[PDB]
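In the form deposited in one PDB entry, a lone chain appears below as C-alpha cells.
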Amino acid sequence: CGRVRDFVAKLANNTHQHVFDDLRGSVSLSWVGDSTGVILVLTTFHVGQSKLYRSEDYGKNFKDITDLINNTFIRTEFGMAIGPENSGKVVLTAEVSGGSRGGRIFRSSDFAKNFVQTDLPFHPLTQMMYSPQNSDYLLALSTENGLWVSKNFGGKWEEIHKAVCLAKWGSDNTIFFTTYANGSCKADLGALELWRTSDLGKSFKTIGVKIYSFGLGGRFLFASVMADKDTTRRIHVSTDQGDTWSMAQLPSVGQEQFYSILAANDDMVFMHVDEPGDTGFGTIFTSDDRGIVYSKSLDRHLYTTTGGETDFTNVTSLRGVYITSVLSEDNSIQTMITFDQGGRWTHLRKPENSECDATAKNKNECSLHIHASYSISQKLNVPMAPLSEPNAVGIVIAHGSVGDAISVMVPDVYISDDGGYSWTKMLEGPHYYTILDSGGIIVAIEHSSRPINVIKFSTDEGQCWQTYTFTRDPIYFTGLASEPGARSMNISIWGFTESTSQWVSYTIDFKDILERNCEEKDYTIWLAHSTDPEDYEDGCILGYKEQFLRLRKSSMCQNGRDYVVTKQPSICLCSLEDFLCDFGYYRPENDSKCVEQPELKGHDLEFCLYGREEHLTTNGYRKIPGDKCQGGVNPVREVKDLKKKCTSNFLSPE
C-alpha cells in the first residue's frame, strides 16, 4: 500500500517537551496572530495566583512571564481578549479588591512581549470588544450597564451611553446597541430601543423600538420586533444599517420560541425558527440576497433551547455543503446533507465496506450519521465534532454511526475526501484529529480511558497511517493545539502525568517527515461535485463548476505556508433550478416551474398584508443568492403587484 521510511528518527529530535510546574484551575490557550508562533497559556488557582506562559516557537518552548502581569490574579471569565488579524493586541482582566472604584486590565500590543497595567473608570461586565476596522478601538459594558468606549486601546475610556444591554461592532467603526428605559434588561424584554453611533458616541439614531434582540449576519441587520398589544414577535431586516427596514418573509414566534442565525454570508442566511412549545426542534429557512424572501429548507431541525445545541455544520472544505441533524417522527435522530446551500437535503452515503448497525430496519441498505454538538451534549463517547478546513479541499472528518439513526454505540472515525458525497471508516474507535499543511498531514490521538504515549499520522489523507511514540512516560491526554488555518506542520499534544499531577505539552514538527516541497506534478485535476461525468452540467452548484488542482494521495510533499488553493470556475446555463419562487409563488409536486399560489395562508398572508410593495410585486422567480449561472433560461416576468390578491377578500374602507 505504501508508507514513510526512517520516520522515527525524522520525528525523534523534532519532539519538544515542556512541563508546566504550577498548573491547576482554568487553564486557557490563545494564539496571537498568524505566522508568529505566539501561544499564550493562562492558569488560575482558587485558595489566589495566576500563571502566564508565552511561546514564540509554535508551543515547543514556553517562557514564564507571570512577572509581566505584576504577579496579580486574572479573571478567566473574561479570558485573553486577542486583537484581530496580526494587531498583536492582548487584554487580560485582573481581579480587584472589593472596595475598588473600577476594574484593572493588562494590555500588550506587541504580541505579549511588554504589558501595561491600566486601572479603569468602571468595572467590566463583558470581555472587551476590539473593532473590526480599527484594532485600537474597544468597547465594553460596565457592571452598572453603561457603554464605555476606548479610542486608544484601553488607556482612555468614556461612557458614551448609559442603560445598555447589548452592543456590537459593525462595519467601519459603527456601533449598534439595545437600550432599556424602565427597570432592567429582563424587565424591558421586547420594549428595548435599538440605537446606532457612526462617530463613537458623538451622534446617535434610534433605528429600533419595541425590540426583543438584534444581530449582524453578513450584509444584513436582523432585529426581532415585538407585536403591539400582542405577545408575539417577528424578524425585520435592514441592508442600510437601520435607515430602512423591511419585514422578513418568516413565521412569527411567541415568548417560548427563538430565532437563530445558523450561518450568514454575503449572499444569504440560514435561519432557524423554533417550533411552538417545547418541541426540541424547528425549521430552517434560507433567505434571498435581500434577506427578505425566505424559502423553507429543512423540517424538524434538531436545536434544543436558545442555549443552544444544534448539529448545524458548514462543511468548509467544499462550496455549498452543510450537514445537520433532524428529529424523526419516532424520536430518532438523522443526519442530513445539502450540497447546494440547502436547496435539497438527503441522507449521507454509507461507507461501501461498512456494516448496517442495530438501528437499521435493513441489513444491507442504510446511511452514515454524524456525531456533533448534540451527541457531545448527551455525554456520548464523542471527543470531537466534525472537522473541515477551507484549505484542505473536500476533506471532512467526523465521529460516525452507520444505520438508520444516531447510535449510542462507541463510534469510529470517518473520512470523506469529496466533501461528503462518499465516506470511508478512517480509524476504529474515538479519536482526536487535526489537519496540518492544508491536508499534507492528518494527525490522530486515541481517546482512551487510560494514559497514551503514541500519535498516528497520514500523508495520504487518512488512507494509510503510521504510529509514532512521542513519549517514553505516557500521559492522560486532554487536547490538541495547532495554529488556526491548518497551515503549520507543528502540533501541541496536551495532557498530564499519572499521579501528584504535572501538566505537559509534547509539540511535534513534521518538517523532516515532509522534507520535499510540492511541485506541479504532485497535483492532479479534480472537478468538485461530480455526479454523472458524461453530463454537460455535471458539477453545476449555484450555477457554476469548480475544477481544482489537488495534492495526490500518493505524493508526500509539503504544500507550504504560502499555498493557494487553485480552482477554475465554469459558468453553466441557467435552468429554472437556479431560481427560487419569489413571494406568492410555489412549486407543485416534482415540477420545477413556479406557479402562483391559489390563495396565501398563514405567515404568508401576514406578509401579504403588513409587508411593502417591492417584495409583493413579483417576478414569479428570483435567482438563488450566490448563483452565478449565465445564459440558458431567464423567466422574464412582468413585476405584478400582489397587494390586490390579499385585499381581494377583505372588505376595505374609503
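Rigid core: the largest C-alpha set superposing within 1.5 Å between the two forms. Numbering starts at 1 and follows the sequence shown.
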How big is the unmodelled gap, if any, between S499 and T500 relative to the deposited sequence? Choose none, 1 to 3, 4 to 9, or 10 or more. 1 to 3
Can you count, per the entry, how many deposited residues between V47 and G48 come without coordinates? Answer none, 1 to 3, 4 to 9, or 10 or more. 4 to 9
Give the stretch, out of 314 to 322 and 89 to 97, with the larger mean C-alpha temperature factor in the deposited entry. 89 to 97
Which of the two stretches, 620 to 628 or 604 to 612, shows the higher mean Cα temperature factor in the record? 604 to 612
Could you check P383, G343, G201, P251 and tell me which one carries the biggest Cα B-factor in the deposited entry? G201
Highest Cα B-factor in the deposition, which of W157, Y432, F270, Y374? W157
On the chain's distribution of Cα B-factors, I69 falls within the third called highest
CA B-factor ranking of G37, expressed as a third of its chain: lowest
Where the record places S184 (Cα B-factor, split into thirds across the chain): highest
Among the chain's modelled residues, which third holds the C-alpha B-factor of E577? lowest
Chain-relative CA temperature factor third for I207: highest
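Unshown form deposited in another entry; subsequent notes refer to it.
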Once the core is aligned, does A9 move its Cα by at least 2 Å between this form and the one not shown? no
Aligning on the rigid core, do we see the C-alpha of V19 shift 2 angstroms or more between this form and the one not shown? no
When you overlay the rigid core, is the Cα of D641 off by 2 Å or more between this form and the one not shown? no
